[PDB]
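Reading through the structure tokens given below for one structure.
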Amino acid sequence: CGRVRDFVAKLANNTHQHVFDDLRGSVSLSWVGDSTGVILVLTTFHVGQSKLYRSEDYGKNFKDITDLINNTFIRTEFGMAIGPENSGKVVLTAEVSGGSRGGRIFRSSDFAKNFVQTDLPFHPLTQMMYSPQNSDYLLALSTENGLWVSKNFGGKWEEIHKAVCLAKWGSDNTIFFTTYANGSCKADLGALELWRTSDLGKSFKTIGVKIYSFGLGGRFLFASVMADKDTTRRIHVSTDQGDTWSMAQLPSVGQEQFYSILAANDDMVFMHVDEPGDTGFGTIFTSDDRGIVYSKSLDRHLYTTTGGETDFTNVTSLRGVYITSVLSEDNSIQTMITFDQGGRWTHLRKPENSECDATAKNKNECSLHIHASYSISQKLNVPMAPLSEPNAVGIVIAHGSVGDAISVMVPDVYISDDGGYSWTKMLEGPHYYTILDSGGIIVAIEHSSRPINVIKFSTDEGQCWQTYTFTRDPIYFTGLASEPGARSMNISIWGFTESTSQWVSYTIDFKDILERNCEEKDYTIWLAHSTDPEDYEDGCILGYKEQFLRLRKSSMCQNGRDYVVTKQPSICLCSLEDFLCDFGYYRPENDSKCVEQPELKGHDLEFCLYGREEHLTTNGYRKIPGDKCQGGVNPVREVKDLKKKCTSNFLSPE
Ligand SMILES: *[C@@H]1O[C@H](CO)[C@@H](O[C@@H]2O[C@H](CO)[C@@H](O)[C@H](O)[C@H]2NC(C)=O)[C@H](O)[C@H]1NC(C)=O
Ligand SMILES: *[C@@H]1O[C@H](CO)[C@@H](O[C@@H]2O[C@H](CO)[C@@H](O)[C@H](O)[C@H]2NC(C)=O)[C@H](O)[C@H]1NC(C)=O
Ligand SMILES: CC(C)(C)C[C@H](NC(=O)c1ccc(Oc2ccccc2)nc1)C(=O)O
């Protein structure tokens with residue numbers, strides 16, 4: 001059909017083995033910067049001793065640098081604090097003597113080439129956090145609960161506050177943190193104070209009170225605020241770093257419920273609101289571009305009460321595509337997919353040449369169900385969660401089940417080349433997979449109960465595979481290492497030999513497999529989100545289209561480390577479909593027109609009475625966030641008020 005000829009020769013001289021002799025227990029692997037090849041391995045032992053290795057050739061060869069950390073014991077709760085981008089910043093937390101005045105850290109800012117030692121004025125409680133803006137700025141919590149900041153990459157530490165619960169870096173070196181007054185974090189649960197410092201502990205602005213907790217997501221700063229003389233709380237959103245606050249149009253919750261930021265960006269948020277009483281599911285709400293107005297997107301969305309597992313996934317290889325698991329009335333789990341930012345959810349189309357399993361009532365008609373965080377949690381035979389990379393357009397890889405729900409059977413692997421619109425069985429039985437060279441190479445390793453000595457590769461996006469032997473002595477496979485970003489052609493296989501056992505790492509380079517670099521001819525045109533090509537509006541998702549240039553399945557070549565996904569948008573005309581109901585409006589029947597409510601019930605009346613001037617007055621409609629349509633329809637009607645309609649029933653004081 002189609003395979004690589006004389007491949008065995010091209011890979012043999014490019015297979016680079018490494019034995020990690022004195023290795024057991026812990027095994028931390030950290031990549032340091034992009035286009036560097038710097039990897040750090042950290043093995044800890046318990047009576048203990050710590051070992052540290054460093055590669056500079058993508059894991060092909062390491063050199064023991066335990067000497068650089070004076071062989072001392074390193075705490076793995078803090079792991080390896082690696083700095084942003086290509087700063088080269090690396091921080092290791094050392095375990096210290098019982099009665100010491102403060103902790104100790106090993107800091108390298110030259111890609112682990114040289115480690116300085118530093119004794120701290122406090123005992124750290126959290127892993128130190130690098131300011132996204134400035135790699136030299138760090139923050140940490142002491143075991144005493146004090147917020148310590150550093151401006152010189154952890155050399156000198158200053159205690160900027162003394163009773164902090166949670167602290168986070170914002171954009172432009174801002175620090176947000178909750179503070180308690182009486183007992184502890186647990187005693188003042190819902191009675192904390194949200195503060196902020198733009199001048200690194202110089203000044204402070206109390207941006208919130210009666211605080212339960214806070215979180216950042218995209219352009220937003222969320223904070224859950226406790227109800228006065230009540231056991232409940234609700235969401236409050238600020239988009240100006242705490243200066244102005246607004247109550248989110250969302251249900252309030254009790255103490256046994258939560259709010260989870262499923263996903264957030266520069267346009268909107270996906271918020272999971274927990275269902276009252278141990279149900280193991282909630283409801284997804286999609287926000288407007290202000291993070292204030294919320295549209296109910298998905299019901300009975302599976303998110304566990306203990307452990308907090310959810311199969312909620314962003315199919316990062318196609319714009320507007322997300323998959324998750326819902327809980328059926330009949331207590332079965334089905335996988336749903338949204339192609340339009342959670343506007344509409346539906347089942348995944350089963351692959352053409354696949355039969356329905358025992359879970360399906362009709363042996364002809366059924367769907368594809370994906371195994372993710374939840375299946376894994378239930379100790380099912382799922383070695384990997386769904387995988388997609390933004391640079392490898394349309395490709396989604398996952399362990400699935402074809403039927404009416406997620407089955408307990410041993411899953412085969414499924415691939416989509418168009419962002420989840422159509423599927424096909426990639427491999428049979430569980431595997432571990434990786435996407436090299438922005439979709440140029442897909443790599444697979446079998447999930448076995450006994451040793452393996454083989455790797456499988458594909459140069460046509462999982463349509464055709466090829467077996468390769470990387471070792472004479474088989475290993476008990478553990479996992480795959482590859483450079484974040486899915487741009488390298490360097491894959492590190494990991495595992496341990498048969499015992500008196502020891503860890504090993506074989507790194508295969510695909511430079512010779514893809515000796516030719518891609519040229520203009522190798523790429524083809526591809527309209528993302530196609531359904532009916534006859535249609536003028538075909539591919540319009542969120543008011544616009546995107547046409548891509550994609551490497552041909554046939555074309556086997558290297559996209560290159562500098563590959564730039566080339567796409568062109570087509571601005572479609574506005575329909576009502578590009579608008580969500582603002583506050584006080586609803587879409588009855590099938591109809592796409594936003595009509596005013598007869599009267600506001602539940603959390604809608606709660607907003608109506610305790611909101612603010614801007615959101616309470618409405619155009620009826622609001623443009624869907626991320627929606628970039630032009631022309632066509634527009635909601636033409638005056639910006640009307642509702643603070644009269646709600647209070648109209650309430651007898652008013654004089
Ligand atoms: C789902 O994933 C996509 C792709 O990873 C996110 O989109 C990117 O967002 C960043 C934000 O800074 C942009 O600079 C990129 O241009 C976006 N990538 C692409 C390919 O569009 C998206 O935000 C994620 N969804 C949510 C809700 O966070
Ligand atoms: C795979 O690993 C090799 C190193 O083992 C990478 O080689 C680097 O290549 C760049 C140019 O592409 C050079 O500037 C570096 O000096 C090379 N480093 C070494 C140690 O040889 C190679 O880039 C990796 N392959 C891919 C596709 O990322
Ligand atoms: C701070 C903000 C705005 C994010 C809300 C806040 N959130 C949270 O406390 C919160 C709790 C849990 C959780 O996941 C789970 C983890 C384990 C088990 C079950 C669930 N995720 C988030 C709140 O509920 O008030």
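Ordering of the structure tokens sets the chain letters (A, B, ...); residue numbers start at 1 within each chain; ligands are numbered from 1 in the order shown.
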Residues of range 182-421 of chain A in strand (DSSP E or B), written as a ChimeraX atom specification: /A:192-197,208-217,220-226,233-238,246-247,253,259-264,269-274,281-287,294-303,310,313-314,322-327,333-338,345-349,367-371,387,396-403,412-416
Counting only C-alpha atoms and all ligand atoms, which residues of chain A sit at most 10 Å from some atom of ligand 1, and what is each one's closest atom pair with its distance in Å to one decimal, listed by chain and rising residue number, as JSON lines?
{"residue": "A:217", "atom": "CA", "partner": "ligand 1", "partner_atom_place_in_ligand_line": "28 (O)", "distance": 8.3}
{"residue": "A:218", "atom": "CA", "partner": "ligand 1", "partner_atom_place_in_ligand_line": "28 (O)", "distance": 7.3}
{"residue": "A:219", "atom": "CA", "partner": "ligand 1", "partner_atom_place_in_ligand_line": "12 (O)", "distance": 10.0}
{"residue": "A:261", "atom": "CA", "partner": "ligand 1", "partner_atom_place_in_ligand_line": "27 (C)", "distance": 9.6}
{"residue": "A:262", "atom": "CA", "partner": "ligand 1", "partner_atom_place_in_ligand_line": "27 (C)", "distance": 8.0}
{"residue": "A:263", "atom": "CA", "partner": "ligand 1", "partner_atom_place_in_ligand_line": "27 (C)", "distance": 4.5}
{"residue": "A:264", "atom": "CA", "partner": "ligand 1", "partner_atom_place_in_ligand_line": "28 (O)", "distance": 4.2}
{"residue": "A:265", "atom": "CA", "partner": "ligand 1", "partner_atom_place_in_ligand_line": "28 (O)", "distance": 4.2}
{"residue": "A:266", "atom": "CA", "partner": "ligand 1", "partner_atom_place_in_ligand_line": "11 (C)", "distance": 6.4}
{"residue": "A:267", "atom": "CA", "partner": "ligand 1", "partner_atom_place_in_ligand_line": "27 (C)", "distance": 7.9}
{"residue": "A:268", "atom": "CA", "partner": "ligand 1", "partner_atom_place_in_ligand_line": "27 (C)", "distance": 6.5}
{"residue": "A:269", "atom": "CA", "partner": "ligand 1", "partner_atom_place_in_ligand_line": "27 (C)", "distance": 6.0}
{"residue": "A:270", "atom": "CA", "partner": "ligand 1", "partner_atom_place_in_ligand_line": "27 (C)", "distance": 6.6}
{"residue": "A:286", "atom": "CA", "partner": "ligand 1", "partner_atom_place_in_ligand_line": "27 (C)", "distance": 9.4}
{"residue": "A:313", "atom": "CA", "partner": "ligand 1", "partner_atom_place_in_ligand_line": "1 (C)", "distance": 8.6}
{"residue": "A:314", "atom": "CA", "partner": "ligand 1", "partner_atom_place_in_ligand_line": "1 (C)", "distance": 5.1}
{"residue": "A:315", "atom": "CA", "partner": "ligand 1", "partner_atom_place_in_ligand_line": "1 (C)", "distance": 6.7}
{"residue": "A:316", "atom": "CA", "partner": "ligand 1", "partner_atom_place_in_ligand_line": "2 (O)", "distance": 4.2}
{"residue": "A:317", "atom": "CA", "partner": "ligand 1", "partner_atom_place_in_ligand_line": "4 (C)", "distance": 6.7}
{"residue": "A:318", "atom": "CA", "partner": "ligand 1", "partner_atom_place_in_ligand_line": "20 (C)", "distance": 7.1}
{"residue": "A:319", "atom": "CA", "partner": "ligand 1", "partner_atom_place_in_ligand_line": "21 (O)", "distance": 5.7}
{"residue": "A:320", "atom": "CA", "partner": "ligand 1", "partner_atom_place_in_ligand_line": "1 (C)", "distance": 7.4}
{"residue": "A:321", "atom": "CA", "partner": "ligand 1", "partner_atom_place_in_ligand_line": "1 (C)", "distance": 7.8}
{"residue": "A:322", "atom": "CA", "partner": "ligand 1", "partner_atom_place_in_ligand_line": "1 (C)", "distance": 7.9}
{"residue": "A:341", "atom": "CA", "partner": "ligand 1", "partner_atom_place_in_ligand_line": "27 (C)", "distance": 7.7}
{"residue": "A:342", "atom": "CA", "partner": "ligand 1", "partner_atom_place_in_ligand_line": "27 (C)", "distance": 9.8}
{"residue": "A:388", "atom": "CA", "partner": "ligand 1", "partner_atom_place_in_ligand_line": "5 (O)", "distance": 9.1}
{"residue": "A:389", "atom": "CA", "partner": "ligand 1", "partner_atom_place_in_ligand_line": "5 (O)", "distance": 7.5}
{"residue": "A:390", "atom": "CA", "partner": "ligand 1", "partner_atom_place_in_ligand_line": "20 (C)", "distance": 5.5}
{"residue": "A:391", "atom": "CA", "partner": "ligand 1", "partner_atom_place_in_ligand_line": "20 (C)", "distance": 7.6}
{"residue": "A:392", "atom": "CA", "partner": "ligand 1", "partner_atom_place_in_ligand_line": "20 (C)", "distance": 9.9}
{"residue": "A:393", "atom": "CA", "partner": "ligand 1", "partner_atom_place_in_ligand_line": "20 (C)", "distance": 8.7}
{"residue": "A:565", "atom": "CA", "partner": "ligand 1", "partner_atom_place_in_ligand_line": "20 (C)", "distance": 9.0}
{"residue": "A:626", "atom": "CA", "partner": "ligand 1", "partner_atom_place_in_ligand_line": "23 (O)", "distance": 9.6}
Ligand 2 neighbours within 8 Å using only C-alpha atoms and all ligand atoms, as a PyMOL selection string: chain A and resi 35-37+56-60+437+483+487-490+509-511+560-561
Per-residue DSSP, range 591-650 of chain A, filtered to alpha helix (DSSP H), as a list in words: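 Of range 591-650 of chain A, only residues 602, 603, 604, 605, 606, 607, 608, 609, 610, 613, 614, 615 and 616 of chain A fall in alpha helix (DSSP H).
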Interatomic distance, CA of residue 272 in chain A to CA of residue 376 in chain A (Å, one decimal):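 The value is 20.6 Å.
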Who sits within 6 Å of residue 398 in chain A, only C-alpha atoms, same chain under 4 positions skipped, as a list in words: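 Listing them by chain and then by number gives residues 386, 413 and 414 of chain A.
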7 Å shell around ligand 3 using only C-alpha atoms and all ligand atoms, listed as a count of residues only: 18
All residues 10 Å or closer to residue 384 in chain A, only C-alpha atoms, same chain fewer than 4 positions away omitted, as a list in words: residues 371, 372, 373, 376, 397, 398, 399, 430, 431, 432, 433, 447 and 479 of chain A
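The gap separating CA of residue 403 in chain A from CA of residue 377 in chain A is 20.7 Å, in Å to one decimal.
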Neighbour list for residue 10 in chain A as a list in words, cut-off 12 Å, only C-alpha atoms, skip fewer than 2 positions in-chain: residues 4, 5, 6, 7, 8, 12, 13, 14, 15, 468, 470, 508, 509, 510, 511, 512, 513, 514 and 515 of chain A
Please dump the current selection as a PDB file, in the first residue's frame; keep C-alpha atoms.
ATOM      1  CA  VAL A   4       9.103   3.843   4.124  1.00  0.00           C
ATOM      2  CA  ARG A   5      11.710   1.775   2.193  1.00  0.00           C
ATOM      3  CA  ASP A   6      15.027   0.607   3.854  1.00  0.00           C
ATOM      4  CA  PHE A   7      14.033   2.327   7.129  1.00  0.00           C
ATOM      5  CA  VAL A   8      15.935  -0.117   9.442  1.00  0.00           C
ATOM      6  CA  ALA A  12      19.912   2.034  13.716  1.00  0.00           C
ATOM      7  CA  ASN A  13      22.788   4.605  13.804  1.00  0.00           C
ATOM      8  CA  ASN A  14      20.225   7.162  15.201  1.00  0.00           C
ATOM      9  CA  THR A  15      19.110   4.979  18.209  1.00  0.00           C
ATOM     10  CA  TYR A 468      10.946  -0.978  14.219  1.00  0.00           C
ATOM     11  CA  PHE A 470      15.245  -0.280  18.868  1.00  0.00           C
ATOM     12  CA  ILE A 508      15.468   7.608  18.277  1.00  0.00           C
ATOM     13  CA  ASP A 509      16.184  10.491  15.814  1.00  0.00           C
ATOM     14  CA  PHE A 510      14.027  10.589  12.605  1.00  0.00           C
ATOM     15  CA  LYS A 511      16.322  13.025  10.678  1.00  0.00           C
ATOM     16  CA  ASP A 512      17.263  10.306   8.136  1.00  0.00           C
ATOM     17  CA  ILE A 513      13.710   8.894   7.885  1.00  0.00           C
ATOM     18  CA  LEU A 514      12.651  12.419   6.695  1.00  0.00           C
ATOM     19  CA  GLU A 515      15.837  13.371   4.702  1.00  0.00           C
TER      20      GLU A 515
END
Spatial neighbours of range 127-144 of chain A, max dist 7 Å, only C-alpha atoms, sep filter under 6 positions, as a list in words: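 The contact residues come out as residues 78, 81, 83, 84, 87, 150, 151, 152, 153, 154, 169, 171, 172 and 173 of chain A.
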A:415, A:402, A:493, A:387 ranked by distance to residue 16 in chain A, top pick (using only C-alpha atoms):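 Of A:415, A:402, A:493, A:387, the one nearest residue 16 in chain A is A:493, counting only C-alpha atoms.
Ranking A:312, A:536, A:496, A:374 by their shortest atom-to-atom distance to residue 298 in chain A, with only C-alpha atoms included, puts A:312 first.
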Using only C-alpha atoms, find each residue of range 495-586 of chain A with at least one atom at most 12 Å away from an atom of range 640-649 of chain A; report its shortest atom-to-atom pair and that distance in Å (one decimal), sort the rows by chain and rising residue number, and return the result as a Markdown table.
| residue | atom | partner | partner_atom | distance |
| --- | --- | --- | --- | --- |
| A:582 | CA | A:640 | CA | 11.5 |
| A:583 | CA | A:642 | CA | 9.1 |
| A:584 | CA | A:642 | CA | 7.8 |
| A:585 | CA | A:642 | CA | 10.9 |
Surrounding residues of range 448-463 of chain A excluding itself and chain neighbours under 2 positions, 7 Å, only C-alpha atoms, as a ChimeraX atom specification: /A:426,439-446,465-471,473-477,553-554,556
Counting only C-alpha atoms, which residues of range 24-81 of chain A fall within 12 Å of range 95-114 of chain A, and what is the closest atom pair for each with its distance in Å at one decimal, ordered by chain and rising number, as a tab-separated table?
residue	atom	partner	partner_atom	distance
A:30	CA	A:112	CA	11.1
A:31	CA	A:111	CA	9.8
A:32	CA	A:111	CA	6.5
A:33	CA	A:111	CA	8.0
A:34	CA	A:111	CA	11.1
A:36	CA	A:111	CA	8.9
A:37	CA	A:111	CA	10.1
A:38	CA	A:111	CA	7.0
A:39	CA	A:111	CA	9.1
A:40	CA	A:112	CA	8.1
A:41	CA	A:112	CA	11.2
A:44	CA	A:95	CA	11.5
A:48	CA	A:95	CA	10.2
A:49	CA	A:95	CA	10.8
A:50	CA	A:95	CA	10.6
A:52	CA	A:112	CA	10.2
A:53	CA	A:112	CA	9.7
A:54	CA	A:112	CA	7.6
A:55	CA	A:112	CA	9.9
A:56	CA	A:111	CA	9.3
A:63	CA	A:113	CA	11.1
A:64	CA	A:112	CA	11.7
A:65	CA	A:113	CA	8.9
A:66	CA	A:112	CA	11.2
A:67	CA	A:114	CA	10.5
A:68	CA	A:114	CA	6.9
A:69	CA	A:106	CA	6.7
A:70	CA	A:106	CA	9.7
A:71	CA	A:106	CA	11.4
A:72	CA	A:95	CA	7.9
A:73	CA	A:95	CA	5.7
A:74	CA	A:95	CA	5.7
A:75	CA	A:95	CA	5.7
A:76	CA	A:95	CA	9.6
A:77	CA	A:95	CA	10.6
A:78	CA	A:95	CA	10.5
A:79	CA	A:105	CA	11.4
A:80	CA	A:106	CA	9.9
A:81	CA	A:107	CA	9.4
Nearest to residue 120 in chain A by atom-to-atom distance, counting only C-alpha atoms, from A:155, A:25, A:533, A:190: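 Checking each candidate against residue 120 in chain A, we get A:155 as the closest.
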Nearest residue to residue 621 in chain A from the set A:297, A:179, A:575, A:502 (distances using only C-alpha atoms):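 Counting only C-alpha atoms, the residue closest to residue 621 in chain A is A:575.
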Counting only C-alpha atoms, the residue of A:577, A:501, A:464, A:29 that sits nearest residue 1 in chain A: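 Looking only at the distances to residue 1 in chain A, the closest residue turns out to be A:464.
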